[PDB]
Participant: 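Just passing along the structure, written as structure tokens.
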Amino acid sequence: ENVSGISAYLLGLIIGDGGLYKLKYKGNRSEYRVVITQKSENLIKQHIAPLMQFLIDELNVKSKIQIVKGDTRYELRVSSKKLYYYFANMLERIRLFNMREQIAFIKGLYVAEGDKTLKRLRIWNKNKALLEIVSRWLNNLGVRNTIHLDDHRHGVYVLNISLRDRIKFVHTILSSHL
DNA sequence: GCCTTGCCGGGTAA
DNA sequence: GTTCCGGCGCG
DNA sequence: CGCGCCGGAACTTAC
DNA sequence: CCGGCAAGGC
Ligand SMILES: [Mn+2]
Ligand SMILES: [Mn+2]
């Protein structure tokens, strides 16, 4: 719906700056976690949390949105087997995202781990396969780009968006909210 | 003269 | 970013 | 007994 | 994520 757009953006945040955790505790206890971390308390509570809350209402998830305070970051957390598989299944089908979903996800991923000086347009990730997919999406949207290994210390790849296509990128991806 | 982008080390924000 | 812990609830 | 939500926070590193 | 540097090209 418009639910798929919000979902693809949240998944961008999750993959970029959080995670999907399937945990096993003694014993045989368990937990399923949807997590976004971020430094800014305002960003988490006033922009990210209400979008998550909208999604929770839509899916009739009964879990609550937890915000947990670490010293270097705020952790938004939903403890929910259901929300978990929802995103986990959405991730494994990522190659089939429609255009509204691609744009939302790239935006979400850029909010998490894009170059925010905008002097340059770059996305960092260890996951080469994920970048190659975002690369294909950008090329279809008329945004030229390149991928290479940027940091040999942690195996981090960078996707570099050609500043030639700067204006089309900032308007189609960053400045579109649907 | 200037824009672009690969390189790579510091350390904040994951 | 990831994975411990102790807690509790529930059929 | 087995399993899933809560509330941390220590622990680790990818941006 | 940031940001200084340096090499290629218009
Ligand atoms: Mn990341
Ligand atoms: Mn981030």
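Labels below follow one simple rule: chain letters A, B, ... track the order of the sequence lines, proteins then strands, and each chain is numbered from 1. Only this structure's heavy atoms are used, side chains among them; waters, hydrogens and symmetry mates stay out.
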Participant: Please determine whether a side-chain nitrogen or oxygen atom of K24(A) lies at a distance below 4.0 Å from atom OP1 or OP2 of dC3(D).
Facilitator: no
Participant: Out of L76(A), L43(A), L13(A), which one pairs with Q38(A) under the side-chain contact (heavy atoms from CB on, under 4.5 Å) rule?
Facilitator: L43(A)
Participant: Hey, could you give me each pair passing salt bridge (charged side-chain N to carboxylate O under 4.0 Å, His left out) that has a residue in residues 27-39 of chain A? Not counting sequence neighbours.
Facilitator: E31(A)-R33(A)
Participant: Between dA14(B) and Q38(A), is there an OP1 or OP2 to side-chain N/O distance shorter than 4.0 Å?
Facilitator: yes
Participant: If you take atom types as modelled and just measure distance, does the side chain of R73(A) reach the base of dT2(C) with a donor-acceptor pair under 3.5 Å?
Facilitator: yes
Participant: Quick check: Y9(A) with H47(A) (ring centres under 6.0 Å apart)?
Facilitator: yes
Participant: Using the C1' atom in both, what is the distance from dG1(C) to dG11(B), to the nearest Å?
Facilitator: 16 Å
Participant: Can you tell me if the sugar in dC5(C) is north or south, using the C1'-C2'-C3'-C4' torsion?
Facilitator: north
Participant: Decide between north and south for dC4(C), the convention being positive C1'-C2'-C3'-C4' for north and negative for south.
Facilitator: north
Participant: Given side chains that start at C-beta, do those of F97(A) and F105(A) come closer than 4.5 Å, heavy atoms only?
Facilitator: yes
Participant: At under 4.0 Å between heavy atoms, how does the protein contact nucleotides 4-10 of chain E? Give one character per nucleotide, 5' to 3', with B, S or -.
Facilitator: BB-----
Participant: Donor-acceptor pair, distance only, cut-off 3.5 Å: does the side chain of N98(A) make one with the backbone of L96(A)?
Facilitator: no
Participant: What residues from residues 26-34 of chain A pass a heavy-atom cutoff of under 4.0 Å to DNA chain E?
Facilitator: none
Participant: Calculate the interatomic distance between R153(A) atom CZ and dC7(B) atom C1'; express it in whole Å.
Facilitator: 11 Å
Participant: In terms of heavy-atom contacts, does NZ of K22(A) have more than 12 from other residues, nucleotides or ligands at under 6.0 Å?
Facilitator: no
Participant: Please determine whether a side-chain nitrogen or oxygen atom of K119(A) lies at a distance below 4.0 Å from atom OP1 or OP2 of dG3(E).
Facilitator: yes
Participant: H154(A) has an atom NE2; how far is it from atom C1' of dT12(D), in whole Å?
Facilitator: 10 Å
Participant: Output yes when a side-chain donor or acceptor of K62(A) lies under 3.5 Å from a complementary backbone atom of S80(A), and no otherwise.
Facilitator: no
Participant: Picking from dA14(B), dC15(D), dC2(E), which would you name as closest to the side chain of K39(A)?
Facilitator: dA14(B)
Participant: With no hydrogens and no angle check, just 3.5 Å: does a side-chain donor-acceptor pair link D17(A) and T37(A)?
Facilitator: no
Participant: Rounded off to whole Å, could you give me the CD-to-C1' distance for the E75(A) and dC6(D) pair?
Facilitator: 12 Å
Participant: With distance as the sole criterion, is a donor-acceptor pair present between the side chains of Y86(A) and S7(A) under 3.5 Å?
Facilitator: yes
Participant: At under 4.0 Å, does any side-chain N or O of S80(A) touch on OP1 or OP2 of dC5(D)?
Facilitator: no
Participant: Please determine whether side-chain contact (heavy atoms from CB on, under 4.5 Å) holds for the pair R166(A) and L163(A), giving the CA-CA distance in whole Å, both sets of side-chain angles, and the decisive distance to 0.1 Å.
Facilitator: CA-CA 5 Å; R166(A) 154 185 266 112; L163(A) 301 179; 3.6 Å; yes
Participant: Distance check needed: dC15(D) P versus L131(A) CG, whole Å only.
Facilitator: 9 Å
Participant: Report the nucleotide, chosen from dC2(E), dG7(D), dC15(D), that has the shortest atom-to-atom distance to any side-chain atom of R77(A).
Facilitator: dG7(D)
Participant: With a 4.0 Å cut-off on heavy atoms, is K64(A) in touch with a base, just the backbone sugar-phosphate, or nothing at all?
Facilitator: sugar-phosphate
Participant: For the side chain of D115(A) and the base of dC1(E), is some donor closer than 3.5 Å to an acceptor across the two?
Facilitator: no
Participant: Return the nearest nucleotide to the side chain of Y21(A); candidates are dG6(B), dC5(D), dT2(C).
Facilitator: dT2(C)
Participant: Please report the distance, rounded to the nearest Å, between NZ in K128(A) and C1' in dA14(D).
Facilitator: 18 Å
Participant: In whole Å, I'd like the distance from the CG atom of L76(A) to the P atom of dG8(D).
Facilitator: 14 Å
Participant: Looking just at side-chain N and O atoms, do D115(A) and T117(A) make a donor-acceptor pair shorter than 3.5 Å?
Facilitator: yes
Participant: Looking across every strand, which nucleic acid part, if any, lies under 4.0 Å from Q66(A) by heavy atom: base, sugar-phosphate, or nothing?
Facilitator: base
Participant: Taking OP1 and OP2 of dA14(D), is either one under 4.0 Å from a side-chain nitrogen or oxygen of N125(A)?
Facilitator: no
Participant: If you go through the side-chain atoms of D150(A), does one of them form a donor-acceptor pair with the base of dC8(B) closer than 3.5 Å?
Facilitator: yes
Participant: Contact class for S63(A) vs. all strands (heavy atom < 4.0 Å): base, sugar-phosphate, or nothing?
Facilitator: sugar-phosphate
Participant: Would you say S79(A) places a side-chain N or O within less than 4.0 Å of OP1 or OP2 belonging to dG7(D)?
Facilitator: no
Participant: Return yes when atom CD1 of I167(A) has more than 12 non-hydrogen atoms of other residues, nucleotides or ligands closer than 6.0 Å, and no otherwise.
Facilitator: no
Participant: To the nearest Å, give me how far apart CG (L159(A)) and P (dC1(E)) are.
Facilitator: 16 Å
Participant: Could you measure between the two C1' atoms, the one in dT13(D) and the one in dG9(B), and give it in whole Å?
Facilitator: 16 Å
Participant: Contact class for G18(A) (heavy atom, under 4.0 Å): base, sugar-phosphate, or nothing?
Facilitator: sugar-phosphate
Participant: Given the P atoms of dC5(C) and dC7(B), what is the spacing between them in whole Å?
Facilitator: 43 Å
Participant: Could you tell me whether the phosphate oxygens of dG6(B), OP1 or OP2, come under 4.0 Å of any side-chain nitrogen or oxygen in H148(A)?
Facilitator: yes
Participant: Expressed as a whole number of angstroms, how long is the span from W124(A):CH2 to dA13(B):P?
Facilitator: 14 Å
